[PDB]
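A.B. asks: return atomic coordinates for the entry below.
(chains A, B, C and D, ligands or ions: 3)
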Amino acid sequence: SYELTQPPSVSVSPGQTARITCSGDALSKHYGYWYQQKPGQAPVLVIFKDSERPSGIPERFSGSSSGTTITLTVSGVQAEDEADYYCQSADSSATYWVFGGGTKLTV
Amino acid sequence: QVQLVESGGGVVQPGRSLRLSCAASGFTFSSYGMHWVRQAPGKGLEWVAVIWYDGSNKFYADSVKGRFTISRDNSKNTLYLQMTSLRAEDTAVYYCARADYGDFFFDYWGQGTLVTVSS
Amino acid sequence: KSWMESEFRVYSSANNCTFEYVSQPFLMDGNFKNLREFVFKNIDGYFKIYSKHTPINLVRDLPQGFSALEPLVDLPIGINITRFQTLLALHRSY
Amino acid sequence: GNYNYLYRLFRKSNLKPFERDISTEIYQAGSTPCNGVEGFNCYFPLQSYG
Ligand SMILES: *[C@@H]1O[C@H](CO[C@@H]2O[C@@H](C)[C@@H](O)[C@@H](O)[C@@H]2O)[C@@H](O[C@@H]2O[C@H](CO)[C@@H](O[C@@H]3O[C@H](CO[C@@H]4O[C@H](CO)[C@@H](O)[C@H](O)[C@@H]4O)[C@@H](O)[C@H](O[C@H]4O[C@H](CO)[C@@H](O)[C@H](O)[C@@H]4O[C@@H]4O[C@H](CO)[C@@H](O)[C@H](O)[C@H]4NC(C)=O)[C@@H]3O[C@@H]3O[C@H](CO)[C@@H](O)[C@H](O)[C@H]3NC(C)=O)[C@H](O)[C@H]2NC(C)=O)[C@H](O)[C@H]1NC(C)=O
Ligand SMILES: *[C@@H]1O[C@H](CO)[C@@H](O[C@@H]2O[C@H](CO)[C@@H](O)[C@H](O)[C@H]2NC(C)=O)[C@H](O)[C@H]1NC(C)=O
Ligand SMILES: *[C@@H]1O[C@H](CO)[C@@H](O)[C@H](O)[C@H]1NC(C)=O
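C.D. replies: Numbering: from 1, shown residues only, chains lettered A, B, ... in the order given. Ligands and ions are numbered 1, 2, ... in the order given. Shown next is the protein structure:
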């Protein structure tokens, strides 16, 4: 399938974190998910169904996912933010999962 | 918290067979489908393989079709792989991601099992 | 909100396909159980369909009364048919 | 020369009116069963008009 139209690197340091923005036409079909890639190599679920936070999450805002893109759950700049993010969307019904390449968040 | 024990990793010659096992623990094995995601380091993640909660259908990533049969059994509480005749694409970190149908998310990511070939 | 696009997981082998016809839709949408009924008929040459959307009723079983079924289209092909399966549409989990 | 024209030389029974029989399957006459290949009383029934 198609790869998710992602940012490869958002090197960001004001107080506000600028908008990581990943998109695609199958995101219109079913809503997309996000996963980190933490150092130590444990990916975690950070936003699911673009409204609600997981249990044990770092406590932030949520996703909004307006239209074909996803605006997500980021807050102001912390010390854990240099772990990046990965796009995730399922397809319609043929059971495929696409990723993009991952982002890069850098202070 | 419940956890996944994934194993079977190591080095192999390219183009011959290697098995990659993944024990499950703490939850019921007979209600959840398990995925596998491969990732060569330096680039992005990619899902490679999935079956059902009972393995009724064997659905794979579209590039790597036909070469690999994956199987579970509920008594052994593991899922294992078999790598028949690779073309040195498996220099990759292989995870076990628990999936519980919240319209297909990935709940408990594994620790990552390495296969890399000595070519 | 609601587009109703469907995926054909019903066939794989499009081989030697003979006849094509496009018809008008058969189902339309009413609070209670509008029973929709169809008669598949095997006649030599032709296959007739006999349909009714009933009005709204609340019987958990079959209701009583009389329903007159009207002929819609016969199908001039004429093959043997020994079995039947229907087809359903669902966003079912894996 | 015109060998493309073709003809059912066999079936296990008679037909019905208005049917096609496009069954490419080997007819067997005797009781010895014969699947996939030819042999003793095994007939490919699609005779070509020669
Ligand atoms: C839906 O259901 C289908 C029906 O199955 C049933 O239903 C479900 C619910 C489930 O419970 C099933 O368990 C249950 O049985 C089912 O479709 C099945 O898909 C399988 C796909 O792997 C398929 O298995 C293959 O079979 C062929 C032989 O053809 C058939 O054989 C059977 C038995 O003899 C016969 O009944 C049929 O009529 C056919 O003739 C076999 O070659 C396959 O081997 C290849 O695939 C392996 C995948 O990893 C691979 O490792 C092998 O090495 C081999 O790959 C290549 O093979 C060629 C020649 O064989 C080599 O030259 C080449 O070098 C090989 N390598 C490469 C890299 O190319 C496979 O059979 C397996 O073979 C390995 C041998 O290594 C054994 O260890 C396995 O144990 C074998 N497994 C099985 C299951 O046989 C199976 O035949 C299909 N079933 C039917 C009835 O057709 C499936 O579950 C669902 N379908 C979907 C999801 O699409
Ligand atoms: C959301 O869906 C509705 C219908 O489900 C779409 O409405 C279409 O509107 C045009 C113009 O009025 C009609 O010609 C079409 O027949 C309607 N239906 C379909 C299925 O296209 C509407 O455009 C959709 N909105 C978006 C943003 O896609
Ligand atoms: C369709 O039918 C004809 C009848 O002879 C046959 O030759 C042809 O191979 C068939 N096509 C396919 C794709 O099976």
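
A.B. asks: list the contacts for residue B:102?
C.D. replies: Residue B:102 makes contact with A:48-49 under the criterion C-beta atoms under 8 Å, 6 or more residues apart in numbering or on different chains. C-beta here means a position set from N, CA and C on the backbone, and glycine is covered the same way.

A.B. asks: any figure for the gap between it and residue A:88?
C.D. replies: The gap separating residue B:102 from residue A:88 is 12 Å, by C-beta to C-beta, to the nearest Å.

A.B. asks: nearest residue to the spatially most central residue of chain C other than its sequence neighbours?
C.D. replies: By C-alpha atoms, centre = their mean, chain C has its centre lying nearest to residue C:38, at 6.5 Å. Closest residue to residue C:38 apart from its sequence neighbours, by C-beta to C-beta, 6 or more residues apart in numbering or on different chains: residue C:51 at 5.4 Å.

A.B. asks: then that neighbour would be within a strand, right?
C.D. replies: Yes - under DSSP: H, G, I helix; E, B strand; the rest coil, residue C:51 sits within a strand.

A.B. asks: near chain D, which residues of chain C show up?
C.D. replies: Proximity of chain C to chain D, by C-beta under 8 Å from any C-beta of the partner chain, involves residues C:16, C:44-45, C:78-80.

A.B. asks: let's go with 6 Å and repeat that
C.D. replies: Contact residues, chain C versus chain D (C-beta under 6 Å from any C-beta of the partner chain): C:45, C:78.

A.B. asks: what's around the closest residue to residue A:28 other than its chain neighbours, how many residues?
C.D. replies: The shortest distance from residue A:28 to any non-neighbouring residue, by C-beta to C-beta, 6+ apart, is to residue A:68 (6.0 Å). Neighbour count of residue A:68, defined by other C-beta atoms under 10 Å in any protein chain shown: 12.

A.B. asks: for the one 4 residues further on, same thing?
C.D. replies: Here the count is done by other C-beta under 10 Å, and residue A:72 has 22 residues near it.

A.B. asks: the residue nearest to residue A:28 contacts residue A:21, correct?
C.D. replies: No - between residue A:68 and residue A:21 there is no contact under C-beta atoms under 6 Å: 10.2 Å.

A.B. asks: and chain A, which residues reach chain C?
C.D. replies: A:93, A:95.

A.B. asks: what about the residue lying closest to residue D:40 once chain neighbours are set aside, distance to chain B?
C.D. replies: Excluding the flanking residues, the one nearest residue D:40 by C-beta to C-beta, 6+ apart is residue D:32, at 5.9 Å. Per C-beta to the nearest C-beta, to the nearest Å, residue D:32 is found 39 Å from chain B.

A.B. asks: ok, residue D:32 to chain C distance?
C.D. replies: For residue D:32, the distance to chain C equals 27 Å [C-beta to the nearest C-beta].

A.B. asks: repeat for residue A:102
C.D. replies: Plainly put, residue A:102 is 25 Å away from chain C if you go by C-beta to the nearest C-beta.

A.B. asks: residues near that residue, how many?
C.D. replies: When neighbours are counted by other C-beta under 10 Å, residue A:102 registers 20.

A.B. asks: ok, it touching residue B:43?
C.D. replies: No - counting by C-beta under 6 Å, residue B:43 is not a contact partner of residue A:102; they are 8.2 Å apart.

A.B. asks: which residues does residue 46 contact?
C.D. replies: All of this refers to chain A. Residue A:46 makes contacts with A:34, A:36, as judged by C-beta atoms under 6 Å, 6 or more residues apart in numbering or on different chains.

A.B. asks: meant chain D actually
C.D. replies: By C-beta under 6 Å, 6+ apart, residue D:46 lies in contact with residue D:6.

A.B. asks: beta partners for it?
C.D. replies: When bridges are called by DSSP bridges, residue D:46 pairs up with residue D:8.

A.B. asks: what about it, distance to chain B?
C.D. replies: 35 Å.

A.B. asks: check contacts around the residue in chain A positioned nearest to chain C.
C.D. replies: For chain A and chain C, the shortest gap (C-beta to the nearest C-beta) falls at residue A:93, measuring 4.9 Å. If you count contacts by C-beta under 6 Å, 6+ apart, residue A:93 has them with residue C:7.

A.B. asks: and residue B:34, by the same measure?
C.D. replies: Applying C-beta under 6 Å, 6+ apart, we find residue B:34 in contact with residue B:79.

A.B. asks: with the one 10 residues further on instead?
C.D. replies: Contact analysis of residue B:44 by C-beta under 6 Å, 6+ apart lists A:99, A:101-102.

A.B. asks: stretch B:68-87 near ligand 1 at all?
C.D. replies: Yes - with C-beta under 6 Å from any ligand atom as the criterion, ligand 1 is reached by stretch B:68-87 at B:68-69, B:84-85.

A.B. asks: run through who's touching that stretch.
C.D. replies: The contact list for stretch B:68-87 (C-beta under 6 Å, 6+ apart) reads B:14-15, B:17-24, B:29-30, B:34, B:49, B:55, B:67.
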